[PDB]
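Novice: File name upload34.tsv; file contents TSV, C-alpha atoms; full text below.
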chain	number	residue	atom	x	y	z
A	535	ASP	CA	-1.95	-12.11	-53.36
A	536	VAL	CA	-2.81	-14.79	-55.94
A	537	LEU	CA	-0.35	-15.25	-58.82
A	538	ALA	CA	-2.29	-18.06	-60.53
A	539	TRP	CA	-5.11	-20.56	-59.97
A	540	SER	CA	-6.83	-23.64	-61.39
A	541	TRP	CA	-10.13	-25.40	-60.61
A	542	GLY	CA	-12.46	-27.85	-62.38
A	543	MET	CA	-15.30	-30.37	-62.27
A	544	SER	CA	-16.42	-33.50	-64.15
A	545	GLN	CA	-19.78	-35.21	-64.77
A	546	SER	CA	-19.82	-39.03	-64.96
A	547	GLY	CA	-23.28	-39.15	-66.61
A	548	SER	CA	-23.59	-40.12	-70.28
A	549	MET	CA	-26.14	-39.56	-73.07
A	550	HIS	CA	-25.17	-42.76	-74.93
A	551	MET	CA	-27.37	-44.87	-72.62
A	557	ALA	CA	-27.49	-40.94	-64.33
A	558	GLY	CA	-24.04	-39.99	-63.00
A	559	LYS	CA	-22.57	-37.61	-60.41
A	560	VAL	CA	-20.43	-34.45	-60.34
A	561	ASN	CA	-16.84	-34.57	-59.03
A	562	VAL	CA	-15.72	-31.10	-57.89
A	563	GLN	CA	-11.92	-30.71	-57.72
A	564	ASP	CA	-9.91	-28.83	-55.08
A	565	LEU	CA	-9.20	-25.17	-55.91
A	566	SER	CA	-5.44	-24.76	-56.41
A	567	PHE	CA	-3.74	-21.34	-56.30
A	568	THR	CA	-0.19	-19.94	-56.32
A	569	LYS	CA	1.04	-17.36	-53.80
A	570	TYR	CA	4.18	-15.70	-52.40
A	571	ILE	CA	5.67	-16.98	-49.14
A	572	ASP	CA	4.08	-14.45	-46.76
A	573	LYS	CA	2.91	-14.21	-43.11
A	574	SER	CA	-0.05	-16.54	-43.86
A	575	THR	CA	2.29	-19.42	-44.85
A	576	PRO	CA	2.64	-20.88	-41.32
A	577	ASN	CA	-1.11	-20.53	-40.59
A	578	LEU	CA	-2.02	-22.47	-43.76
A	579	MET	CA	0.53	-25.17	-42.82
A	580	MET	CA	-1.07	-25.35	-39.35
A	581	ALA	CA	-4.57	-25.67	-40.85
A	582	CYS	CA	-3.35	-28.38	-43.25
A	583	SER	CA	-1.58	-30.28	-40.44
A	584	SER	CA	-4.35	-30.01	-37.83
A	585	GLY	CA	-7.19	-30.43	-40.35
A	586	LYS	CA	-9.26	-27.53	-39.00
A	587	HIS	CA	-11.44	-25.91	-41.68
A	588	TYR	CA	-12.29	-22.20	-42.00
A	589	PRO	CA	-15.88	-20.88	-42.17
A	590	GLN	CA	-15.35	-19.15	-45.54
A	591	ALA	CA	-12.76	-18.52	-48.28
A	592	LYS	CA	-13.32	-15.99	-51.09
A	593	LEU	CA	-11.21	-15.87	-54.26
A	594	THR	CA	-11.59	-12.50	-56.02
A	595	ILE	CA	-10.61	-11.79	-59.64
A	596	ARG	CA	-10.56	-8.18	-60.90
A	597	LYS	CA	-9.89	-6.42	-64.23
A	598	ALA	CA	-6.69	-4.48	-64.94
A	599	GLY	CA	-6.69	-0.84	-63.80
A	600	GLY	CA	-6.92	-0.61	-60.01
A	601	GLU	CA	-9.25	-0.86	-57.01
A	602	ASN	CA	-12.17	0.90	-58.76
A	603	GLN	CA	-12.34	-1.72	-61.56
A	604	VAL	CA	-15.04	-4.41	-61.71
A	605	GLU	CA	-14.52	-7.61	-59.72
A	606	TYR	CA	-15.72	-9.73	-62.64
A	607	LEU	CA	-15.32	-13.17	-60.99
A	608	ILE	CA	-15.74	-14.00	-57.29
A	609	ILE	CA	-15.52	-17.65	-56.15
A	610	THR	CA	-16.79	-18.01	-52.57
A	611	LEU	CA	-16.06	-21.26	-50.69
A	612	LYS	CA	-17.57	-22.43	-47.38
A	613	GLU	CA	-16.24	-24.93	-44.80
A	614	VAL	CA	-12.76	-24.81	-46.35
A	615	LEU	CA	-9.86	-27.15	-45.52
A	616	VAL	CA	-6.26	-26.65	-46.65
A	617	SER	CA	-5.83	-29.92	-48.58
A	618	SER	CA	-2.14	-29.35	-49.42
A	619	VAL	CA	0.73	-26.84	-49.29
A	620	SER	CA	3.68	-27.08	-51.71
A	621	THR	CA	6.52	-24.60	-51.08
A	622	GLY	CA	10.17	-24.15	-52.07
A	623	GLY	CA	12.55	-21.83	-53.92
A	624	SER	CA	15.64	-21.36	-56.09
A	625	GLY	CA	18.87	-19.34	-55.90
A	626	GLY	CA	17.80	-16.95	-58.67
A	627	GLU	CA	14.33	-16.00	-57.37
A	628	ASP	CA	13.90	-12.71	-55.47
A	629	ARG	CA	10.43	-13.63	-54.13
A	630	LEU	CA	9.74	-17.31	-53.40
A	631	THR	CA	6.35	-18.79	-54.32
A	632	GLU	CA	4.20	-21.74	-53.19
A	633	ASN	CA	1.09	-23.65	-54.30
A	634	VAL	CA	-1.91	-24.19	-52.00
A	635	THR	CA	-4.97	-26.37	-52.64
A	636	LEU	CA	-8.36	-25.94	-50.93
A	637	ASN	CA	-11.02	-28.59	-50.24
A	638	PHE	CA	-14.53	-27.31	-49.47
A	639	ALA	CA	-18.12	-28.39	-48.77
A	640	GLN	CA	-19.91	-25.68	-50.79
A	641	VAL	CA	-18.99	-23.32	-53.64
A	642	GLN	CA	-20.47	-20.14	-55.16
A	643	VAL	CA	-19.21	-18.56	-58.40
A	644	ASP	CA	-20.45	-15.04	-59.23
A	645	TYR	CA	-19.51	-13.71	-62.68
A	646	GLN	CA	-20.30	-10.05	-63.46
A	647	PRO	CA	-20.79	-9.29	-67.18
A	648	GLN	CA	-19.69	-5.91	-68.58
A	649	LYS	CA	-20.59	-3.63	-71.51
A	650	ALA	CA	-18.19	-2.35	-74.19
A	651	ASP	CA	-17.43	0.87	-72.27
A	652	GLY	CA	-16.67	-1.09	-69.06
A	653	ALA	CA	-19.89	-0.56	-67.08
A	654	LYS	CA	-21.70	-3.48	-65.41
A	655	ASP	CA	-24.15	-5.22	-67.76
A	656	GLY	CA	-27.00	-6.13	-65.39
A	657	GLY	CA	-26.53	-8.25	-62.26
A	658	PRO	CA	-23.99	-11.04	-61.67
A	659	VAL	CA	-24.68	-14.55	-63.03
A	660	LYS	CA	-24.71	-17.05	-60.14
A	661	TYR	CA	-23.61	-20.68	-59.85
A	662	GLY	CA	-24.08	-22.32	-56.43
A	663	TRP	CA	-23.64	-25.96	-55.40
A	664	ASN	CA	-23.50	-27.95	-52.16
A	665	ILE	CA	-20.94	-30.72	-52.78
A	666	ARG	CA	-21.44	-32.36	-49.36
A	667	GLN	CA	-25.19	-32.86	-49.93
A	668	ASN	CA	-24.93	-32.98	-53.76
A	669	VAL	CA	-27.62	-30.33	-54.39
A	670	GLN	CA	-28.07	-26.77	-55.70
A	671	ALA	CA	-27.13	-23.82	-53.47
B	390	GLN	CA	-16.98	15.46	-88.01
B	391	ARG	CA	-19.34	15.33	-91.00
B	392	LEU	CA	-22.63	17.10	-91.79
B	393	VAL	CA	-25.70	15.22	-93.05
B	394	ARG	CA	-28.87	16.71	-94.57
B	395	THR	CA	-31.98	16.30	-92.39
B	396	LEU	CA	-35.02	14.57	-93.90
B	397	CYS	CA	-37.99	16.96	-93.90
B	398	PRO	CA	-40.50	15.64	-91.32
B	399	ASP	CA	-43.53	16.66	-93.41
B	400	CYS	CA	-42.57	14.47	-96.38
B	401	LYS	CA	-40.34	11.42	-95.80
B	402	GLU	CA	-41.26	7.87	-96.90
B	403	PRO	CA	-41.12	4.92	-94.46
B	404	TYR	CA	-39.60	1.69	-95.83
B	405	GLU	CA	-38.35	-1.64	-94.45
B	406	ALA	CA	-34.62	-2.15	-95.06
B	407	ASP	CA	-33.27	-5.00	-97.22
B	408	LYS	CA	-30.66	-7.61	-96.21
B	409	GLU	CA	-27.61	-5.62	-97.38
B	410	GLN	CA	-29.04	-2.55	-95.61
B	411	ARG	CA	-29.90	-4.52	-92.43
B	412	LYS	CA	-26.30	-5.85	-92.39
B	413	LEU	CA	-24.99	-2.28	-91.95
B	414	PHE	CA	-26.85	-1.81	-88.65
B	420	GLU	CA	-38.53	-7.08	-85.85
B	421	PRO	CA	-39.69	-4.52	-88.46
B	422	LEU	CA	-36.75	-2.13	-88.97
B	423	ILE	CA	-38.17	0.88	-90.83
B	424	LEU	CA	-35.83	3.51	-92.31
B	425	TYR	CA	-36.84	6.70	-94.18
B	426	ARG	CA	-36.39	7.88	-97.80
B	427	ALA	CA	-35.86	11.30	-99.45
B	428	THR	CA	-38.91	11.98	-101.71
B	429	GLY	CA	-39.73	15.62	-102.65
B	430	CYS	CA	-42.51	18.19	-102.11
B	431	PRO	CA	-43.53	21.87	-101.65
B	432	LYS	CA	-41.83	22.52	-98.28
B	433	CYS	CA	-39.49	19.71	-99.27
B	434	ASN	CA	-39.02	22.15	-102.25
B	435	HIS	CA	-38.46	19.89	-104.01
B	436	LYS	CA	-35.62	17.74	-102.64
B	437	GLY	CA	-35.86	15.21	-99.79
B	438	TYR	CA	-34.23	17.48	-97.19
B	439	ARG	CA	-34.29	20.87	-95.46
B	440	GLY	CA	-31.55	21.86	-93.00
B	441	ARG	CA	-28.63	19.87	-91.59
B	442	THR	CA	-27.13	18.10	-88.57
B	443	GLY	CA	-23.65	16.96	-87.48
B	444	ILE	CA	-22.40	13.39	-87.08
B	445	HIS	CA	-19.29	12.78	-84.97
B	446	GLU	CA	-16.51	10.43	-83.86
B	447	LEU	CA	-14.69	11.61	-80.74
B	448	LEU	CA	-11.25	9.99	-80.40
B	449	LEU	CA	-10.19	10.37	-76.75
B	450	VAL	CA	-6.47	9.89	-76.03
B	451	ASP	CA	-6.14	7.63	-72.97
B	452	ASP	CA	-3.22	5.65	-71.47
B	453	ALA	CA	-3.45	2.93	-74.15
B	454	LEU	CA	-3.48	5.43	-77.04
B	455	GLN	CA	-0.53	7.33	-75.52
B	456	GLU	CA	1.61	4.20	-76.05
B	457	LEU	CA	0.44	3.52	-79.62
B	458	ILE	CA	1.39	7.09	-80.63
B	459	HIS	CA	4.78	6.84	-78.86
B	460	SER	CA	5.94	3.44	-80.17
B	461	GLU	CA	4.39	4.00	-83.64
B	462	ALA	CA	2.00	1.04	-83.83
B	463	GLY	CA	0.36	2.46	-86.95
B	464	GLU	CA	-2.99	3.52	-88.43
B	465	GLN	CA	-4.30	-0.06	-88.61
B	466	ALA	CA	-3.17	-1.20	-85.15
B	467	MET	CA	-4.36	2.15	-83.76
B	468	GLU	CA	-7.67	1.84	-85.69
B	469	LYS	CA	-8.21	-1.60	-84.11
B	470	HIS	CA	-7.87	-0.25	-80.54
B	471	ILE	CA	-10.00	2.80	-81.45
B	472	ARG	CA	-12.94	0.64	-82.60
B	473	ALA	CA	-12.85	-1.24	-79.27
B	474	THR	CA	-13.59	1.95	-77.29
B	475	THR	CA	-14.97	4.80	-79.41
B	476	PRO	CA	-17.96	4.46	-81.79
B	477	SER	CA	-17.25	5.22	-85.48
B	478	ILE	CA	-18.42	8.12	-87.67
B	479	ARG	CA	-20.80	5.77	-89.50
B	480	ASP	CA	-22.31	4.30	-86.31
B	481	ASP	CA	-23.22	7.80	-85.07
B	482	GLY	CA	-24.86	8.43	-88.46
B	483	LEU	CA	-26.74	5.11	-88.45
B	484	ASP	CA	-28.22	5.97	-85.03
B	485	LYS	CA	-29.74	9.12	-86.57
B	486	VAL	CA	-31.13	6.99	-89.43
B	487	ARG	CA	-32.87	4.79	-86.82
B	488	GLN	CA	-34.18	7.93	-85.08
B	489	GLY	CA	-35.47	9.24	-88.43
B	490	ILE	CA	-33.37	12.39	-88.91
B	491	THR	CA	-31.31	11.60	-92.03
B	492	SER	CA	-31.41	8.96	-94.79
B	493	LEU	CA	-29.05	6.01	-95.27
B	494	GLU	CA	-28.06	7.55	-98.63
B	495	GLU	CA	-26.78	10.66	-96.83
B	496	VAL	CA	-24.71	8.82	-94.20
B	497	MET	CA	-22.95	6.68	-96.82
B	498	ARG	CA	-21.94	9.52	-99.19
B	499	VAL	CA	-20.14	11.56	-96.50
B	500	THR	CA	-18.67	8.34	-95.06
B	511	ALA	CA	-7.58	-17.16	-89.05
B	512	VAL	CA	-10.94	-18.97	-88.96
B	513	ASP	CA	-13.68	-17.53	-86.72
B	514	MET	CA	-15.25	-20.11	-84.40
B	515	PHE	CA	-18.48	-19.88	-82.35
B	516	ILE	CA	-20.65	-22.28	-80.35
B	517	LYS	CA	-24.27	-22.01	-79.16
B	518	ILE	CA	-25.26	-24.36	-76.31
B	519	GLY	CA	-29.06	-24.46	-75.95
B	520	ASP	CA	-30.29	-21.00	-74.94
B	521	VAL	CA	-27.20	-20.06	-72.89
B	522	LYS	CA	-25.90	-16.61	-73.87
B	523	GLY	CA	-22.16	-15.84	-74.12
B	524	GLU	CA	-20.33	-12.60	-74.96
B	525	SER	CA	-19.65	-12.73	-78.72
B	526	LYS	CA	-19.36	-9.36	-80.49
B	527	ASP	CA	-20.01	-11.02	-83.88
B	528	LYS	CA	-22.80	-9.53	-86.02
B	529	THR	CA	-24.42	-12.83	-87.06
B	530	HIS	CA	-23.36	-14.98	-84.08
B	531	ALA	CA	-24.31	-12.42	-81.42
B	532	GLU	CA	-24.42	-13.38	-77.71
B	533	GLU	CA	-22.85	-16.80	-78.38
B	534	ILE	CA	-19.70	-18.36	-76.91
Let's see the structure in the file written out as structure tokens.
Specialist:
Amino acid sequence: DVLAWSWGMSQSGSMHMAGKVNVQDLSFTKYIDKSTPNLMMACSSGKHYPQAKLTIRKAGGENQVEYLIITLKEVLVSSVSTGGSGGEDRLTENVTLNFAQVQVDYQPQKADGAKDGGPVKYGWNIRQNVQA
Amino acid sequence: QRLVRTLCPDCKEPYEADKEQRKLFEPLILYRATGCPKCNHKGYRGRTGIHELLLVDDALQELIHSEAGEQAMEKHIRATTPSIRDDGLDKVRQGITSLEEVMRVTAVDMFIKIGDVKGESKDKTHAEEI
């Protein structure tokens, strides 16, 4: 269960005169659950997973539209930051993810809520620095 | 619900709408009343209904309970349900009733357009922008 997330990229090229893209690691917040030790093991050992898929979905339930799906391939666990306080009932932790490739699929919707056409795709191989 | 007189199909006049008329709703032709022997001698014969179906869902059940108000409730209603006028204007496009008949019974905004990339703006002028 993802409580929050943050991810970005930056282009060094300028129009005042080429550059290169710098894709950041995908950070996300989560509760301390049964996956916590496995992510710490992956971060410590440095063994990457074949795929990691972040899924965002509209408010309502399971039948609502998954309007943003970020798929990652060859994914390391770059860092794990955990902790807690005396007032919290459920403790949380931040986890960052380094990856070779990335695929973002946004699904547009109409006013009523139905899917407006197909999903708009963005794919990029960061390792080879090309489109995917 | 409102009723609107139906333009007689034998004698109605096609005309391109002006700017103020086009703002209500690429040759957009509407139709005018006129008058004639079946038309006898007005621009209409018969009628049809135009509607606006408010459907009370989970969001509207709160607004009624907590007393948000007509305005706040009207704002959420326009997000989901089409208006009375919009249902009438669709029939004007189809060529059933006139625009005269539908009307009688009836913080800074910021947008950006990057090349030919389409966004999701609901604005009338700045449509499909970011």
Novice: For a quick test of understanding: name the residues of chain B lying within 9 Å of chain A when counting all atoms listed in the file, and present them as a tab-separated table (two decimals) with C-alpha atoms, in the frame of the given file.
Specialist:
chain	number	residue	atom	x	y	z
B	473	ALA	CA	-12.85	-1.24	-79.27
B	474	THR	CA	-13.59	1.95	-77.29
B	475	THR	CA	-14.97	4.80	-79.41
B	524	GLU	CA	-20.33	-12.60	-74.96
Novice: Enter the distance from atom CA of residue A:617 to atom CA of residue A:585, in Å, rounded to one decimal.
Specialist: 8.4 Å
Novice: Scan for residues within 9 Å of the point (-37.4, 17.3, -97.5) in the coordinates of the file, using only C-alpha atoms, and reply as a list in words.
Specialist: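 Selection result: residues 395, 396, 397, 398, 399, 400, 401, 427, 428, 429, 430, 431, 432, 433, 434, 435, 436, 437, 438, 439 and 440 of chain B.
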Novice: Would you output that residue set with C-alpha atoms, as a PDB file, in the coordinates of the input?
Specialist:
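And here's part-v8.pdb as it stands now:
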ATOM      1  CA  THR B 395     -31.980  16.300 -92.390  1.00  0.00           C
ATOM      2  CA  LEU B 396     -35.020  14.570 -93.900  1.00  0.00           C
ATOM      3  CA  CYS B 397     -37.990  16.960 -93.900  1.00  0.00           C
ATOM      4  CA  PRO B 398     -40.500  15.640 -91.320  1.00  0.00           C
ATOM      5  CA  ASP B 399     -43.530  16.660 -93.410  1.00  0.00           C
ATOM      6  CA  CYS B 400     -42.570  14.470 -96.380  1.00  0.00           C
ATOM      7  CA  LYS B 401     -40.340  11.420 -95.800  1.00  0.00           C
ATOM      8  CA  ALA B 427     -35.860  11.300 -99.450  1.00  0.00           C
ATOM      9  CA  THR B 428     -38.910  11.980-101.710  1.00  0.00           C
ATOM     10  CA  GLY B 429     -39.730  15.620-102.650  1.00  0.00           C
ATOM     11  CA  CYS B 430     -42.510  18.190-102.110  1.00  0.00           C
ATOM     12  CA  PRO B 431     -43.530  21.870-101.650  1.00  0.00           C
ATOM     13  CA  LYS B 432     -41.830  22.520 -98.280  1.00  0.00           C
ATOM     14  CA  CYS B 433     -39.490  19.710 -99.270  1.00  0.00           C
ATOM     15  CA  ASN B 434     -39.020  22.150-102.250  1.00  0.00           C
ATOM     16  CA  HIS B 435     -38.460  19.890-104.010  1.00  0.00           C
ATOM     17  CA  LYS B 436     -35.620  17.740-102.640  1.00  0.00           C
ATOM     18  CA  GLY B 437     -35.860  15.210 -99.790  1.00  0.00           C
ATOM     19  CA  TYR B 438     -34.230  17.480 -97.190  1.00  0.00           C
ATOM     20  CA  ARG B 439     -34.290  20.870 -95.460  1.00  0.00           C
ATOM     21  CA  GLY B 440     -31.550  21.860 -93.000  1.00  0.00           C
TER      22      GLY B 440
END
Novice: Might you pull out every residue within 10 Å of stretch 547-563 of chain A, with all atoms listed in the file counted and same-chain residues fewer than 2 positions away left off, and present them as a PDB file with C-alpha atoms, keeping the file's coordinate frame?
Specialist:
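The new file out.pdb reads:
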ATOM      1  CA  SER A 540      -6.830 -23.640 -61.390  1.00  0.00           C
ATOM      2  CA  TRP A 541     -10.130 -25.400 -60.610  1.00  0.00           C
ATOM      3  CA  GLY A 542     -12.460 -27.850 -62.380  1.00  0.00           C
ATOM      4  CA  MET A 543     -15.300 -30.370 -62.270  1.00  0.00           C
ATOM      5  CA  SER A 544     -16.420 -33.500 -64.150  1.00  0.00           C
ATOM      6  CA  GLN A 545     -19.780 -35.210 -64.770  1.00  0.00           C
ATOM      7  CA  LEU A 565      -9.200 -25.170 -55.910  1.00  0.00           C
ATOM      8  CA  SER A 566      -5.440 -24.760 -56.410  1.00  0.00           C
ATOM      9  CA  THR A 635      -4.970 -26.370 -52.640  1.00  0.00           C
ATOM     10  CA  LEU A 636      -8.360 -25.940 -50.930  1.00  0.00           C
ATOM     11  CA  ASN A 637     -11.020 -28.590 -50.240  1.00  0.00           C
ATOM     12  CA  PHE A 638     -14.530 -27.310 -49.470  1.00  0.00           C
ATOM     13  CA  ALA A 639     -18.120 -28.390 -48.770  1.00  0.00           C
ATOM     14  CA  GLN A 640     -19.910 -25.680 -50.790  1.00  0.00           C
ATOM     15  CA  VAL A 641     -18.990 -23.320 -53.640  1.00  0.00           C
ATOM     16  CA  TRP A 663     -23.640 -25.960 -55.400  1.00  0.00           C
ATOM     17  CA  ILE A 665     -20.940 -30.720 -52.780  1.00  0.00           C
ATOM     18  CA  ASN A 668     -24.930 -32.980 -53.760  1.00  0.00           C
TER      19      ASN A 668
END
Novice: Using only C-alpha atoms, which protein or nucleic acid residues come within 9 Å of residue A:537? Drop anything in the same chain fewer than 6 positions from it, and give the result as a list in words.
Specialist: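 In the requested form, the answer reads residues 567, 568, 569, 570 and 631 of chain A.
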Novice: What would the file look like if the residues just selected were written as a PDB file, in the frame of the given file with C-alpha atoms?
Specialist:
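Result saved to again14.pdb:
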ATOM      1  CA  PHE A 567      -3.740 -21.340 -56.300  1.00  0.00           C
ATOM      2  CA  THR A 568      -0.190 -19.940 -56.320  1.00  0.00           C
ATOM      3  CA  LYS A 569       1.040 -17.360 -53.800  1.00  0.00           C
ATOM      4  CA  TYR A 570       4.180 -15.700 -52.400  1.00  0.00           C
ATOM      5  CA  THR A 631       6.350 -18.790 -54.320  1.00  0.00           C
TER       6      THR A 631
END
Novice: Atom CA of residue A:662 and atom CA of residue A:633, how far apart in Å?
Specialist: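 Computing it gives 25.3 Å between the two atoms.
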Novice: Quick one: distance from atom CA of residue B:481 to atom CA of residue B:446 in Å, one decimal?
Specialist: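 Value for the atom CA of residue B:481-atom CA of residue B:446 distance: 7.3 Å.
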Novice: Taking only C-alpha atoms into account, which of B:496, B:512, B:453, B:462 comes nearest residue B:479?
Specialist: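 Of all the options, B:496 lies closest to residue B:479.
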Novice: Find, counting all atoms listed in the file, the residue in A:632, A:564, A:627, A:613 that gets nearest to residue A:666.
Specialist: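 Between A:632, A:564, A:627, A:613, the residue approaching residue A:666 most closely is A:613.
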Novice: Could you list, as a PyMOL selection string, every residue within 12 Å of stretch 655-659 of chain A, counting all atoms listed in the file and ignoring same-chain residues fewer than 6 positions away?
Specialist: (chain A and resi 604-609+642-649) or (chain B and resi 521-524)
Novice: As an MDAnalysis selection string, please: the residues near residue B:422 (cut-off 12 Å, only C-alpha atoms, same-chain neighbours under 3 positions excluded).
Specialist: chainID B and resid 403:408 410:412 414 425 486:489
Novice: Since the input has fewer atoms than a full residue there, write stretch 623-638 of chain A out with N, CA, C and O atoms, as a PDB file, in the frame of the given file.
Specialist:
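Resulting contents of selection.pdb:
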ATOM      1  N   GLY A 623      11.842 -22.991 -53.385  1.00  0.00           N
ATOM      2  CA  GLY A 623      12.550 -21.830 -53.920  1.00  0.00           C
ATOM      3  C   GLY A 623      13.849 -22.172 -54.619  1.00  0.00           C
ATOM      4  O   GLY A 623      14.368 -23.281 -54.475  1.00  0.00           O
ATOM      5  N   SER A 624      14.369 -21.210 -55.377  1.00  0.00           N
ATOM      6  CA  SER A 624      15.640 -21.360 -56.090  1.00  0.00           C
ATOM      7  C   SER A 624      16.591 -20.226 -55.728  1.00  0.00           C
ATOM      8  O   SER A 624      16.206 -19.267 -55.055  1.00  0.00           O
ATOM      9  N   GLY A 625      17.837 -20.340 -56.184  1.00  0.00           N
ATOM     10  CA  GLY A 625      18.870 -19.340 -55.900  1.00  0.00           C
ATOM     11  C   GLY A 625      18.735 -18.057 -56.698  1.00  0.00           C
ATOM     12  O   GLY A 625      19.311 -17.035 -56.323  1.00  0.00           O
ATOM     13  N   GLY A 626      17.983 -18.106 -57.797  1.00  0.00           N
ATOM     14  CA  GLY A 626      17.800 -16.950 -58.670  1.00  0.00           C
ATOM     15  C   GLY A 626      16.576 -16.097 -58.353  1.00  0.00           C
ATOM     16  O   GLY A 626      16.523 -14.924 -58.723  1.00  0.00           O
ATOM     17  N   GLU A 627      15.594 -16.685 -57.668  1.00  0.00           N
ATOM     18  CA  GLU A 627      14.330 -16.000 -57.370  1.00  0.00           C
ATOM     19  C   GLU A 627      14.497 -14.955 -56.269  1.00  0.00           C
ATOM     20  O   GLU A 627      15.152 -15.208 -55.255  1.00  0.00           O
ATOM     21  N   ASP A 628      13.895 -13.784 -56.475  1.00  0.00           N
ATOM     22  CA  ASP A 628      13.900 -12.710 -55.470  1.00  0.00           C
ATOM     23  C   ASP A 628      12.746 -12.874 -54.476  1.00  0.00           C
ATOM     24  O   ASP A 628      12.907 -12.599 -53.286  1.00  0.00           O
ATOM     25  N   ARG A 629      11.592 -13.320 -54.972  1.00  0.00           N
ATOM     26  CA  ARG A 629      10.430 -13.630 -54.130  1.00  0.00           C
ATOM     27  C   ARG A 629      10.009 -15.075 -54.363  1.00  0.00           C
ATOM     28  O   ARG A 629       9.623 -15.443 -55.474  1.00  0.00           O
ATOM     29  N   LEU A 630      10.078 -15.886 -53.311  1.00  0.00           N
ATOM     30  CA  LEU A 630       9.740 -17.310 -53.400  1.00  0.00           C
ATOM     31  C   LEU A 630       8.231 -17.506 -53.412  1.00  0.00           C
ATOM     32  O   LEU A 630       7.499 -16.772 -52.748  1.00  0.00           O
ATOM     33  N   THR A 631       7.776 -18.506 -54.166  1.00  0.00           N
ATOM     34  CA  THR A 631       6.350 -18.790 -54.320  1.00  0.00           C
ATOM     35  C   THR A 631       5.997 -20.185 -53.800  1.00  0.00           C
ATOM     36  O   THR A 631       6.880 -21.000 -53.529  1.00  0.00           O
ATOM     37  N   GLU A 632       4.697 -20.444 -53.663  1.00  0.00           N
ATOM     38  CA  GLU A 632       4.200 -21.740 -53.190  1.00  0.00           C
ATOM     39  C   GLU A 632       2.764 -21.985 -53.644  1.00  0.00           C
ATOM     40  O   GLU A 632       1.978 -21.044 -53.781  1.00  0.00           O
ATOM     41  N   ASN A 633       2.431 -23.254 -53.869  1.00  0.00           N
ATOM     42  CA  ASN A 633       1.090 -23.650 -54.300  1.00  0.00           C
ATOM     43  C   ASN A 633       0.268 -24.178 -53.123  1.00  0.00           C
ATOM     44  O   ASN A 633       0.776 -24.939 -52.297  1.00  0.00           O
ATOM     45  N   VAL A 634      -0.996 -23.765 -53.057  1.00  0.00           N
ATOM     46  CA  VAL A 634      -1.910 -24.190 -52.000  1.00  0.00           C
ATOM     47  C   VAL A 634      -3.237 -24.644 -52.595  1.00  0.00           C
ATOM     48  O   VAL A 634      -3.829 -23.935 -53.409  1.00  0.00           O
ATOM     49  N   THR A 635      -3.694 -25.827 -52.188  1.00  0.00           N
ATOM     50  CA  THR A 635      -4.970 -26.370 -52.640  1.00  0.00           C
ATOM     51  C   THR A 635      -6.008 -26.266 -51.515  1.00  0.00           C
ATOM     52  O   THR A 635      -5.657 -26.313 -50.334  1.00  0.00           O
ATOM     53  N   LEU A 636      -7.279 -26.128 -51.892  1.00  0.00           N
ATOM     54  CA  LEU A 636      -8.360 -25.940 -50.930  1.00  0.00           C
ATOM     55  C   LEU A 636      -9.542 -26.878 -51.190  1.00  0.00           C
ATOM     56  O   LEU A 636     -10.177 -26.806 -52.244  1.00  0.00           O
ATOM     57  N   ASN A 637      -9.821 -27.751 -50.225  1.00  0.00           N
ATOM     58  CA  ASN A 637     -11.020 -28.590 -50.240  1.00  0.00           C
ATOM     59  C   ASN A 637     -12.153 -27.864 -49.526  1.00  0.00           C
ATOM     60  O   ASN A 637     -11.911 -27.165 -48.541  1.00  0.00           O
ATOM     61  N   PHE A 638     -13.380 -28.030 -50.015  1.00  0.00           N
ATOM     62  CA  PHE A 638     -14.530 -27.310 -49.470  1.00  0.00           C
ATOM     63  C   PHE A 638     -15.850 -28.061 -49.635  1.00  0.00           C
ATOM     64  O   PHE A 638     -15.991 -28.897 -50.528  1.00  0.00           O
TER      65      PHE A 638
END
